[PDB]
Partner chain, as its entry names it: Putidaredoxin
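The chain below stands alone and is given as structure tokens, in the form deposited without its partner chain.
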């Protein structure tokens, strides 16, 4: 279902990409998006799918567009439009200077200082989960680790019951990788229904959990409102539940198929931080966008006020103009160029958290299970959307080649 081309769009700029169902998804999600950076594709295209919107395809344009809040507003950041209209998360549906204060708060809950505090539980949980898996010689990495690992840690942070997981997860998934089962609005309302009660409770009877801090926070000198907190927590939730989860699977899928990469990490462990970057570059997985606030000519293309543009965070690091041999994984690249965690004012707050989770996983996994692969005759399926994912990851290994710690 293609939407009739608006009059301001030149035909030569049309490239019908479907962010929710890219053509050669079989080849992998990143490769599927990379079609956009082939020679036959202009830097800025219009797709008729998902209601019609612009896509910027080069590191350079995405970076610029992200800097330019004046022109490119976070107000309606999701495609399609109905979803972007419904989106009211804080601080992401806010432009500076309004953004600034909410950002400072969210930072209190997720910043460096919190990561630093939780470091021992992160390490504790990863070790616990790996050790538990080790002797089985087989898991479902997505369900067995990638999910519980980050999730349980967020739940700890949030002070929410692990009992809620399955439910929260269904709803978050509905937002990034729509099923068809529920609209964005519908999904958002249900998450909101979950949070309302809890927020009220923590406004009265505060604790030390992230939710308690957000609920009782100060913004622009005054007390945050109930609605505002509901809206920030909505963000925290999506962030805790939906990002690190998918990334881990992509990384692990890769590590499963590259003996030589695993080995490099085992002998020269001082390279783990470098490799984490490179993996973040190569298995980049978020794509959102901005809304034109007014008519604006950008790189010779005339954008009209109200036009939505997708600026794929995933795409920067994959652009050959940014990194030579972009689909190649090189842990010793002199310069790892990406915008996996965004660019401009909205730069991911949770990045420190994400980095710790990844790095721990890599060291702790390789220590114990150095040798593993994908279960024979497994068809590994990726999924596209706001946050791309791996459907399942069947891994197999010889218990005898493992190391108990």
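Positions refer to the first chain, counted from 1.
Not on display, but discussed next: the form solved in complex with its partner chain.
For the chain shown alone, residue 58 is not a contact residue for its partner chain in the entry with it bound, no non-hydrogen atom being within 4.5 angstroms. Although the partner is absent from this view, residue 347 contacts its partner chain in the entry with it bound, with a non-hydrogen atom inside 4.5 angstroms. Although the partner is absent here, residue 343 lies within 4.5 Å of its partner chain in the entry with it bound, judged by heavy atoms. Although the partner is absent here, residue 368 sits far enough away that none of its heavy atoms falls within 4.5 Å of its partner chain in the entry with it bound.
Contact annotation: of the candidates 113, 207, 273, 135, the single residue with a non-hydrogen atom within 4.5 angstroms of its partner chain in the entry with it bound is 113. Taking a 4.5 Å heavy atom cutoff to its partner chain in the entry with it bound, the contact residue among 292, 104, 196, 182 is 104. Per the 4.5 Å heavy atom criterion, its partner chain in the entry with it bound is contacted by stretch 95-103, the sole one of 95-103, 141-149, 225-233, 314-322.
Contact with its partner chain in the entry with it bound, defined as a heavy atom within 4.5 Å, is made by all three of 67, 108 and 351.
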